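Enquirer: One structure, pasted below without further comment.
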DNA sequence: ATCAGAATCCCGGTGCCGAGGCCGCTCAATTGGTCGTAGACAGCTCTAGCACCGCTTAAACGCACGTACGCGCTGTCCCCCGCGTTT
DNA sequence: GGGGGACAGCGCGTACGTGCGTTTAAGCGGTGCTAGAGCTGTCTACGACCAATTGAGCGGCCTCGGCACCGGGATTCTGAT
């Protein structure tokens with residue numbers, strides 16, 4: 014009748030996350046507010062990643078977000094690079110950076 | 014009657030490992046030969062560790078295994094150094110190793 | 027004759043993009059990378075919550091366990107802001123019952 | 027008035043020690059280090075077996091899952107030594123079953 | 024056929040100058056090929072172990088990303 | 024009180040000699056103390072979080088082992 | 045010197061696979077032949093292996109570059125790669 | 037007569053050979069306990085500590101510092117020097133990835 | 001090459017406090033029995049992996065040439081170090 | 001108090017960057033087929049659960065002997081010769 018996602022004020026499926034946690038064999042009993050908190054945390058992370066991807070998309074005048082925007086937006090942020098340290102992005106690369114001794118004199 | 018440890022001839026327990034696998038929230042269904050396999054693997058790893066520790070202790074003329082013997086045993090073996098790479102051993106140290114350029118000039 | 031039903035979040039990814047950027051589109055491999063990121067973060071938080079529940083000898087995971095898991099896994103203020111809003115994401119979850 | 031019934035492997039590791047080196051003793055600090063090592067490698071193998079059971083979408087862990095976990099986690103000849111001793115342990119356990 | 028020479032020294036040159044190197048020695052390529060062979064001898068071996076565990080012989084991308092995340096190199100991309 | 028002087032110069036000198044350092048510069052001690060502060064402010068903070076989840080105000084060694092194994096520094100010692 | 049740094053600046057923006065996929069696929073099949081005989085590979089598996097190996101070696105190359113810069117040099121040396129693998133823990 | 041003085045570096049290698057075969061804590065226990073309590077005072081006040089926690093923290097910190105000094109010495113040897121430098125420390129940290 | 005001179009390794013006297021053996025409890029392994037259920041196995045299908053081959057051309061091999069940086073050497077100046085004394 | 005070591009300056013030359021002819025096979029793309037990944041049905045042997053039983057695992061005490069500690073002989077680098 015009424016979904017738990019809109020009752021919690023979020024949009025991600027709370028029932029799908031709760032079903033994944035129940036048969037994911039993490040605990041014998043799963044609480045009610047824990048998948049809601051998980052959905053809120055991953056929704057905030059998704060919003061931050063997508064808004065930084067939109068920043069990188071309007072940097073290079075692109076109306077479609079590509080993983081190049083994700084690569085340029087996951088490494089410029091110090092906190093996201095600290096969290097995602099050994100994370101490899103497909104069709105990615107490195108930031109444009111050149112050392113001072115490599116510059117011409 | 015007969016325990017599963019003496020049934021498989023292993024010193025390490027099987028019922029304790031099976032209970033820890035069942036109550037450890039690992040899987041819904043837990044097999045029967047897998048705790049026997051785990052007990053055998055733990056017994057061989059323990060035997061290899063104490064064998065290298067006994068070799069280090071008999072190298073140092075000691076009949077009691079100090080953690081320095083464990084440090085000299087694990088880090089000298091390349092498989093134990095590779096597998097236990099980030100493992101910090103309490104009351105231990107480092108292998109005796111001095112670099113070539115840090116040696117005094119003759 | 028379909029083979030099987032997929033298990034992803036691409037429609038929810040597009041909806042989140044529509045709330046954040048109503049005029050910017052997405053590509054397919056970007057949604058695949060984003061879904062892989064979602065699954066990895068979900069697995070990390072679930073494994074941390076399971077380990078923390080096993081540390082305190084509890085077979086039940088509540089919101090406090092996953093709050094502590096979010097605090098431990100996420101450095102910076104990204105946990106701390108998620109300390110606040112997720113809590114009120116609990117609260118209007120409880121106020122709607 | 028005892029406090030609690032703890033869980034350790036003080037008898038088993040000493041039994042293997044007297045099996046191999048009958049003239050060698052061990053200290054309680056080394057006992058604690060060895061028990062922590064056994065518990066940590068047990069947790070690693072159990073997590074690998076659970077992840078491999080979820081990898082095949084299976085709710086049952088058989089001997090093949092822990093065979094693959096030993097083949098993956100352990101490098102060198104110790105992996106195939108553990109595979110051989112585990113196969114012979116399984117056949118001698120089922121023969122004595 | 025030995026295809027370790029298929030990684031040509033212009034390709035290693037382009038990869039090294041991608042990383043921010045302006046002068047590359049001639050002996051860089053041999054150790055680069057050796058490190059690549061070690062990495063493809065570990066990760067593909069782990070993927071072979073997964074595929075043998077799956078009662079298959081076709082190496083999937085999910086086994087590849089499983090081998091990559093097992094060694095600590097999390098990859099977002101193919102497979103999911 | 025501030026205990027930055029608690030990590031004395033002969034202590035860092037002995038830690039460098041155990042690390043096999045032939046000659047120690049005078050500016051080694053400040054950065055060594057800073058790296059020690061960074062590692063301690065990570066591990067002790069994770070231990071405080073672990074203790075705060077456990078409804079306790081006493082920091083045990085088992086939470087220290089939890090915080091060390093969370094960061095990948097596996098320790099076999101006190102606590103278990 | 046100038047054209048090398050110019051294509052360096054071009055290549056810090058570009059994202060294509062610099063390794064040609066057919067010799068890399070042949071090398072992957074050659075290495076996998078030693079483990080298990082008569083093996084098949086999905087194309088996405090080969091692309092993921094190529095991307096991850098390229099990213100890992102680019103990280104090794106920039107570690108080598110900063111090691112050589114630290115050694116008061118600009119031309120990289122194999123001993124910089126050895127030191128990077130030793131400190132990184134990738135050297136057995 | 038002049039006193040017997042050893043060469044500079046011979047004594048240093050002598051205590052390297054002495055300390056590479058030792059299992060004692062070079063840092064004093066009570067200043068380290070004061071430092072641990074001072075650090076934990078920043079996060080939460082009136083926190084109690086076990087002695088085993090302080091000893092485990094001291095052992096882990098000493099092992100991490102010994103590994104850091106080993107990598108710093110490797111960087112200094114790679115830079116054709118026998119004296120370590122702070123740039124060697126930051127080089128070993130950024131190769132190890134410990135700098136965020 | 002060659003000298004004595006301090007640092008350290010080793011052996012005997014001894015002592016002392018954790019370590020394994022013993023006493024005794026007690027609680028989780030063991031076993032019997034039963035019912036649920038996930039997967040072993042076999043057909044059936046449909047799909048992409050592989051092999052193939054022709055056309056175009058991107059790019060590597062390699063030679064010629066050049067020039068700029070590793071590196072050997074030399075000079076310099078000073079930074080910790082070994083040692084003595086005090087907290 | 002000082003003396004070896006970090007650092008700065010300068011020449012050697014050679015080893016790698018750069019340019020171009022040439023070869024080498026990489027890349028794109030239709031075709032078939034077929035081994036095999038996956039889906040569907042069945043029924044079955046293996047595992048979870050309930051309860052009584054026990055014997056090995058663990059708390060407590062002890063007494064002893066392996067290693068901690070001291071000094072004097074011998075060894076072994078080590079600076080001055």
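Chains as they are written, first to last, in PDB author numbering: chain c, 14 to 118; chain g, 14 to 119; chain d, 27 to 123; chain h, 27 to 123; chain f, 24 to 103; chain b, 24 to 103; chain e, 45 to 136; chain a, 37 to 136. We treat Cβ as the ideally placed atom computed from N, Cα and C, and that holds for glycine.
Give me the chain f residues within the contact set of residue 86 of chain e, using Cβ-Cβ distance strictly less than 7 Å, ordered along the chain.
Expert: 81, 82, 83, 84
Enquirer: Once the 5 residues before and after residue 86 of chain h are set aside, which same chain residues still bring their CB inside 8 Å of it?
Expert: 79
Enquirer: For the beta strand (DSSP E) containing residue 99 of chain b, list its first residue and its last residue.
Expert: Counting along the chain, the beta strand (DSSP E) containing residue 99 of chain b begins and ends at 97-99.
Enquirer: Is the beta carbon of residue 23 of chain g sitting closer than 8 Å to the one on residue 115 of chain h?
Expert: yes
Enquirer: Comparing the C-beta of residue 104 of chain h with each C-beta of chain f, is any distance below 8 Å?
Expert: no
Enquirer: Applying the criterion that 16 or more other CB atoms from any shown protein chain within 10 Å of the CB defines a buried residue, is residue 54 of chain c buried or exposed?
Expert: buried
Enquirer: With a cut-off of 8 Å on the beta carbons, I'd call residue 91 of chain a and residue 101 of chain b a contact; round off their distance for me.
Expert: 6 Å
Enquirer: Which of the three DSSP states, helix, strand or coil, is assigned to residue 52 of chain d?
Expert: strand
Enquirer: Considering just the uninterrupted stretch of the alpha helix (DSSP H) at residue 27 of chain f, what are its terminal residues?
Expert: Unbroken run through residue 27 of chain f: none, as it is neither H nor E.
Enquirer: Taking a Cβ distance cut-off of 7 Å, strictly less, list which residues of the segment 90-110 of chain a are near chain e, in chain order.
Expert: 107, 110
Enquirer: Using 8 Å as the limit for Cβ to Cβ distance, is residue 112 of chain g near chain b?
Expert: yes
Enquirer: May I have the straight-line CA-CA distance separating residue 67 of chain h from residue 96 of chain g, to the nearest angstrom?
Expert: One C-alpha to the other measures close to 10 Å.
Enquirer: Go to residue 102 of chain g, then tell me how far its alpha helix (DSSP H) extends in each direction, as first and last residue.
Expert: That residue, residue 102 of chain g, is in no alpha helix (DSSP H); its beta strand (DSSP E) goes 100-102.
Enquirer: With a threshold of 8 Å between beta-carbons, can residue 40 of chain g be considered close to chain c, or not?
Expert: yes
Enquirer: Is there a Cβ of chain c sitting closer than 8 Å to that of residue 65 of chain e, yes or no?
Expert: no
Enquirer: Output needed for residue 93 of chain g: all residues of its chain with C-beta closer than 7 Å, excluding positions within five of it in sequence on either side, in chain order.
Expert: 87
Enquirer: Beta carbon of residue 60 of chain c, beta carbon of residue 109 of chain d: below 8 Å?
Expert: It is not a contact, given that the beta carbons lie outside the stated cut-off.
Enquirer: Check residue 81 of chain f in the structure and name its three-state DSSP category.
Expert: strand
Enquirer: Name the two residues that bound the continuous alpha helix (DSSP H) containing residue 105 of chain e.
Expert: DSSP places residue 105 of chain e inside the alpha helix (DSSP H), whose first and last residues are 87-114.
Enquirer: Which of the residues in the segment 45-57 of chain h, read from start to end, lie with their CB under 8 Å from any CB of chain g?
Expert: 45, 46, 47, 49, 50, 51, 52, 53, 55, 56
Enquirer: So with CB distances below 7 Å, who are the chain h contacts of residue 97 of chain b?
Expert: 66
Enquirer: So is residue 27 of chain b buried or exposed if we call it buried at 16+ other beta carbons inside 10 Å?
Expert: So residue 27 of chain b ends up on the exposed side.
Enquirer: Relative to the C-alpha of residue 46 of chain g, which residue among g:37, g:28, g:74 is closest?
Expert: g:28
Enquirer: Cβ of residue 77 of chain f less than 8 Å from any chain e Cβ?
Expert: no
Enquirer: Strictly under 8 Å for the Cβ-Cβ distance: is residue 59 of chain e near chain c by that measure?
Expert: For residue 59 of chain e, the answer is yes, since a Cβ of chain c falls inside 8 Å of its Cβ.
Enquirer: Quick one: grab the DSSP three-state call for residue 67 of chain b.
Expert: helix
Enquirer: Where do the N-terminal and C-terminal ends of the alpha helix (DSSP H) with residue 53 of chain c fall, by residue?
Expert: 46-72 is the span of the alpha helix (DSSP H), which, as asked, contains residue 53 of chain c.
Enquirer: Since residue 119 of chain e sits in a beta bridge, which residues does DSSP pair it with?
Expert: f:46
Enquirer: Would you mind telling me which residues of chain g sit closer than 8 Å to residue 98 of chain h, beta carbon to beta carbon, in chain order?
Expert: In chain order: nothing, as chain g lies at least about 12 Å away.
Enquirer: Once the 5 residues before and after residue 56 of chain c are set aside, which same chain residues still bring their CB inside 8 Å of it?
Expert: 23, 24, 25
Enquirer: Can you tell me where the alpha helix (DSSP H) holding residue 17 of chain c begins and where it ends?
Expert: 17-20
Enquirer: Between residue 105 of chain a and the rest of its own chain, which residues show a CB-CB distance below 8 Å, the 5 nearest in sequence each way excluded?
Expert: Within the same chain, residue 105 of chain a has close Cβ partners 120.
Enquirer: Who are residue 87 of chain h's beta bridge partners in DSSP?
Expert: g:43
Enquirer: Could you have a look at residue 54 of chain a and say whether DSSP puts it in helix, strand or coil?
Expert: helix
Enquirer: By alpha-carbon positions, which one of a:122, a:98, a:116 ends up nearest to residue 108 of chain a?
Expert: a:122
Enquirer: Please specify which runs of the alpha helix (DSSP H), each continuous and at least 4 residues long, are wholly inside the segment 57-84 of chain a, giving them in chain order.
Expert: 65-79
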